[PDB]
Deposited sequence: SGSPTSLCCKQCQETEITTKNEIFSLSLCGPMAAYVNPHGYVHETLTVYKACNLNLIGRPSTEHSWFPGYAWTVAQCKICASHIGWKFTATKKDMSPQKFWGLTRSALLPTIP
């Protein structure tokens, strides 16, 4: 079970286990994701990953809030972006 799908609509892939990495466990961090819509503008308010801003990411099919796009605030950081996804919002 490599595919990680939206738990709400069940059929929509958001990421795969192949994309998981460890920046430092409610929040999965992946390099890549799909089938997400970004809501609003980035914010640093209470960012869990200092030096990154977050943007709400919802399932493009059912609007379930799956997590956030994290965007680097400085060009010297790696990666420049990633996804922090709520593990309970994904199947498996």
| query | finding |
| --- | --- |
| Missing C-alpha runs, given along the deposited sequence, first residue counted as 1 | 1-3, 28-42, 111-113 |
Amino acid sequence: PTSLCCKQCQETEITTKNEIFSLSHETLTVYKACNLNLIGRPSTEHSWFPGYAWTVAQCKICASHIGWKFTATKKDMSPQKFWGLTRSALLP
From here on, numbers count along this sequence of modelled residues.
{"item": "Stretch exceeding the other in mean C-alpha B-factor - 71-79, 13-21", "value": "71-79"}
{"item": "Mean Cα B-factor comparison, 61-69 or 40-48, giving the higher one as deposited", "value": "40-48"}
{"item": "For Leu91, the third of its chain into which the C-alpha B factor falls", "value": "highest"}
{"item": "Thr55, C-alpha B-factor rank within chain (lowest, middle or highest third)", "value": "middle"}
